[PDB]
Amino acid sequence: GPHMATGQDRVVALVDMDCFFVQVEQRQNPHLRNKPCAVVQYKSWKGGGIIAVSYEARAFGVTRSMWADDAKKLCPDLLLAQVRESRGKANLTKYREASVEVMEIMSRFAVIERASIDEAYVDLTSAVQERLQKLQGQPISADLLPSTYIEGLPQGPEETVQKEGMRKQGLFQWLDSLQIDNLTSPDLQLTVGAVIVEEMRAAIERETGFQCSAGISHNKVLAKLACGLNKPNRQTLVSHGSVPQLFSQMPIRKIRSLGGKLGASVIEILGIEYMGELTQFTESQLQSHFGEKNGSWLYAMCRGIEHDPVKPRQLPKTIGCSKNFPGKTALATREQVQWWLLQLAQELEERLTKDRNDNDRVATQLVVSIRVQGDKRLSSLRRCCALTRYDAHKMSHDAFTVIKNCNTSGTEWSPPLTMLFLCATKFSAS
DNA sequence: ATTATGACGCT
DNA sequence: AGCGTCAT
Ligand SMILES: Nc1ncnc2c1ncn2[C@H]1C[C@H](O)[C@@H](COP(=O)(O)NP(=O)(O)OP(=O)(O)O)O1
Ligand SMILES: [Mg+2]
Ligand SMILES: [Mg+2]
């Protein structure tokens with residue numbers, strides 16, 4: 001009763017750009033705007049591999065990982081923008097720089113955690129407290145929440161046939177039920193968080209041209225889940241009270257970290273399908289199947305409770321360059337391996353020198369990873385060496401020295417390499 | 001031949 | 001340190 005935590009202590013948002021690489025290309029090329037469009041990498045094999053898809057193109061069934069030639073069968077008028085190629089490889093610099101634009105705007109509002117190139121978590125607890133104090137007892141107008149969905153609403157008892165009418169009816173029920181004179185009300189705190197996130201999203205769109213979606217809840221897992229509920233160009237508030245019904249039909253795999261083998265094991269060992277079904281197990285039972293850490297996490301998460309903090313980190317902690325060499329193109333000679341290590345190392349040096357100038361830090365460790373032909377894993381081997389100078393020839397020579405004894409017999413390289421990966425790690429202030 | 005590349009856990 | 005998992 002009075003001592004059971006409810007996981008309502010924080011306001012956390014997850015902001016995620018809508019079809020991000022597509023919007024970057026559409027801002028640059030107005031002919032692509034408001035059209036079925038996708039971003040592709042590498043044209044020669046099957047038209048290239050799609051890595052981002054506009055919502056207009058998704059309506060035809062175009063998806064990430066599809067070959068462009070196959071996407072064109074579903075959507076003959078599909079427009080395509082190609083990732084830049086430099087030194088024989090895809091180069092993602094344009095999208096990293098667009099990401100920095102968005103992250104720098106978000107960081108004006110609150111401390112962010114960079115979770116991917118196109119999304120960040122926001123800890124809004126302090127910002128909400130401040131807004132609630134300057135705005136004491138004032139009601140919250142629906143006009144301050146023009147793109148917000150309240151998950152689970154409307155419920156109960158004609159315009160509720162179009163989606164915007166449903167959105168507003170749900171929002172009206174929520175606001176009509178708020179206790180606005182209670183500064184410690186979790187529901188009120190989430191609502192003010194949503195007001196701030198509307199402002200944040202308006203600033204992003206105003207200052208970059210890019211649209212995004214967002215989730216607002218009490219922790220990162222619920223904010224991430226909420227964000228996807230009403231994409232694109234909308235934000236969703238998931239309250240603590242909404243959790244039982246939301247989770248009652250929510251496949252386990254939809255919760256972040258449960259989309260792989262662990263979630264599969266939860267389903268198979270417990271014989272359940274939905275996140276809410278987890279409430280019927282004791283914490284010790286869950287720890288017995290999934291380990292102490294996972295068991296405690298699952299016990300809390302199925303009740304809507306999670307404590308993982310929004311880490312104060314706007315910048316990536318590693319800077320890496322990778323290229324696959326599939327099928328017949330696998331690297332089979334020592335000259336080949338050395339040339340591609342140099343290409344990767346030259347891109348890496350460019351990115352590292354810029355990083356040192358921008359961010360006052362230097363990487364101190366170089367990690368080299370390879371995949372051997374026939375291995376299913378993303379890395380067949382990983383070895384590190386010191387990164388003492390931002391020099392591409394030195395980095396590539398060192399990488400070759402750490403991996404060269406993976407070569408069983410030469411001039412020749414066997415078995416052939418199907419992936420090379422260089423990663424700079426262990427940054428220190430400079 | 002689903003690529004480029006991020007974070008973090010385990011031992 | 002090096003491998004495994006999960007993610008966009
Ligand atoms: N598996 C992958 N491989 C390569 N690039 C990828 C990728 N997944 C995503 N990207 C790149 C390309 C993506 O544009 C970007 C962000 O990924 P999302 O946030 O998962 N998806 P998006 O923003 O496109 O659409 P929306 O969020 O509206 O559903 O990262
Ligand atoms: Mg996105
Ligand atoms: Mg994303």
Side-chain angles (χ1 to χ4, degrees), chain A residues 10-27 37-39 50-58 62-65 92 94-124 127 145-151 167 190 193-238 246 250 253-259 306 308-311 313-316:
Chain A
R10 300 177 287 156
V11 182
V12 174
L14 186 267
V15 178
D16 185 283
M17 306 307 297
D18 297 332
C19 55
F20 183 48
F21 291 11
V22 167
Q23 289 199 81
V24 176
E25 297 293 336
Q26 287 175 322
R27 180 175 74 172
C37 182
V39 172
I50 291 179
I51 60 174
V53 187
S54 79
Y55 282 80
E56 291 86 346
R58 300 182 195 191
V62 179
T63 65
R64 190 169 44 208
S65 81
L92 303 174
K94 189 192 305 184
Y95 317 106
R96 294 195 181 93
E97 292 177 345
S99 174
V100 167
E101 291 182 63
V102 175
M103 307 285 173
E104 292 187 344
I105 295 162
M106 291 175 60
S107 85
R108 301 206 307 263
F109 293 82
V111 177
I112 78 176
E113 178 177 349
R114 180 197 196 269
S116 84
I117 199 167
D118 94 310
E119 74 211 74
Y121 296 92
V122 196
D123 190 312
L124 292 169
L145 297 164
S147 66
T148 293
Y149 278 86
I150 310 296
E151 175 59 27
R167 185 198 73 84
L190 295 181
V195 172
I196 298 171
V197 172
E198 293 275 8
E199 298 164 357
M200 300 181 61
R201 292 181 47 249
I204 293 166
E205 190 178 2
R206 188 185 76 77
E207 299 176 28
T208 71
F210 303 145
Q211 290 186 345
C212 61
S213 296
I216 305 99
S217 189
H218 290 296
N219 54 63
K220 300 201 293 186
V221 164
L222 290 180
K224 173 64 172 177
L225 184 64
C227 180
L229 293 180
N230 291 284
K231 259 181 181 279
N233 199 29
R234 297 293 185 265
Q235 53 181 66
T236 305
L237 187 159
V238 165
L246 178 63
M250 181 66 61
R253 69 183 176 272
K254 302 299 178 41
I255 277 63
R256 183 251 272 165
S257 81
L258 300 183
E306 198 209 18
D308 187 20
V310 176
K311 263 58 125 234
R313 184 185 56 74
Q314 260 179 74
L315 302 176

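Scope of the values below: all heavy atoms of this structure, side chains included, with no hydrogens, waters or symmetry mates. Proteins get letters first, then strands, A, B, ... in listed order; numbering begins at 1 in each.
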Candidate list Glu205(A), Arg201(A), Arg234(A), test side chain to side chain donor-acceptor pair (under 3.5 Å), partner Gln211(A), passing option: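 Only one option passes, and that is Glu205(A).
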Could you tell me whether the side chain of [Y] reaches within less than 4.5 Å of the side chain of [X], counting heavy atoms only?
| X | Y | value |
| --- | --- | --- |
| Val24(A) | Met17(A) | no |
| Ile196(A) | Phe109(A) | yes |
| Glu198(A) | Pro146(A) | yes |
| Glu306(A) | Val12(A) | no |
| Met106(A) | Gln314(A) | no |
| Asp16(A) | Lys231(A) | yes |
| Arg114(A) | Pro316(A) | yes |

List the residues meeting side chain to side chain contact (heavy atoms under 4.5 Å, CB included) with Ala194(A), not counting sequence neighbours, and say none if there are none.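 Checked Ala194(A) against side chain to side chain contact (heavy atoms under 4.5 Å, CB included); matches are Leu145(A), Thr148(A), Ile216(A), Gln235(A), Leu237(A).
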Can you name the side chain to side chain contact (heavy atoms under 4.5 Å, CB included) partners of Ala52(A), sequence neighbours left out?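 Checked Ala52(A) against side chain to side chain contact (heavy atoms under 4.5 Å, CB included); matches are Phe21(A), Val22(A), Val39(A).
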Point-to-point distance, once rounded to the nearest 0.5 Å, from [atom1] of [X] to [atom2] of [Y]:
| X | Y | atom1 | atom2 | result |
| --- | --- | --- | --- | --- |
| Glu151(A) | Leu246(A) | CD | CG | 5.0 Å |
| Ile112(A) | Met200(A) | CD1 | CE | 7.5 Å |
| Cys212(A) | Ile204(A) | SG | CD1 | 4.0 Å |
| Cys19(A) | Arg58(A) | SG | CZ | 6.0 Å |
| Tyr95(A) | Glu25(A) | OH | CD | 3.5 Å |
| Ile51(A) | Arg64(A) | CD1 | CZ | 10.0 Å |

Taking it one step at a time, do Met250(A) and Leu225(A) satisfy side chain to side chain contact (heavy atoms under 4.5 Å, CB included)? CA-CA 10 Å; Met250(A) 181 66 61; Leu225(A) 184 64; 4.1 Å; yes
Between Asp18(A) and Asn233(A) (side chain of the first, backbone of the second, donor and acceptor by atom type, cut-off under 3.5 Å), is there such a pair?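 Such a contact is found between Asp18(A) side chain and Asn233(A) backbone.
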Taking the side chain from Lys94(A) and the backbone from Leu92(A), do they hold a donor-acceptor pair closer than 3.5 Å?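 Checked: no pair found.
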Looking only at heavy atoms, what is the nearest atom pair of [X] and [Y], with distance?
| X | Y | answer |
| --- | --- | --- |
| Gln26(A) | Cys37(A) | NE2-CB, 4.3 Å |
| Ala120(A) | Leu14(A) | O-CD2, 3.2 Å |
| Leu124(A) | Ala110(A) | CD2-CB, 4.1 Å |
| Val310(A) | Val111(A) | CG1-O, 4.2 Å |
| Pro309(A) | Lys220(A) | O-NZ, 3.1 Å |
| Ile117(A) | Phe20(A) | O-CE2, 3.9 Å |

Is there a side chain to side chain contact (heavy atoms under 4.5 Å, CB included) between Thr208(A) and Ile105(A)? Walk through the geometry before answering. CA-CA 9 Å; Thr208(A) 71; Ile105(A) 295 162; 3.5 Å; yes
Taking atom CZ of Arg206(A) as the centre, report whether more than 12 heavy atoms of other residues, nucleotides or ligands fall under 6.0 Å from it.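 Not buried by this count: 12 neighbours or fewer within 6.0 Å.
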Are there more than 12 heavy atoms of other residues, nucleotides or ligands under 6.0 Å from atom CZ of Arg253(A)?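 No, because the 6.0 Å sphere around CZ of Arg253(A) holds 12 heavy atoms or fewer from other groups.
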Show your reasoning for whether side chain to side chain contact (heavy atoms under 4.5 Å, CB included) applies to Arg10(A) and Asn219(A). CA-CA 7 Å; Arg10(A) 300 177 287 156; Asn219(A) 54 63; 3.5 Å; yes
In chain order, what residues pass the side-chain hydrogen bond (donor to acceptor under 3.5 Å, both in side chains) check against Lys224(A), with sequence neighbours excluded?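 Once residues adjacent in sequence are excluded, the partners of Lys224(A) under the side-chain hydrogen bond (donor to acceptor under 3.5 Å, both in side chains) criterion are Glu119(A).
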Which is it for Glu207(A) and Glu104(A) under the side chain to side chain contact (heavy atoms under 4.5 Å, CB included) test, yes or no, and what are the steps along the way? CA-CA 11 Å; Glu207(A) 299 176 28; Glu104(A) 292 187 344; over 6 Å; no
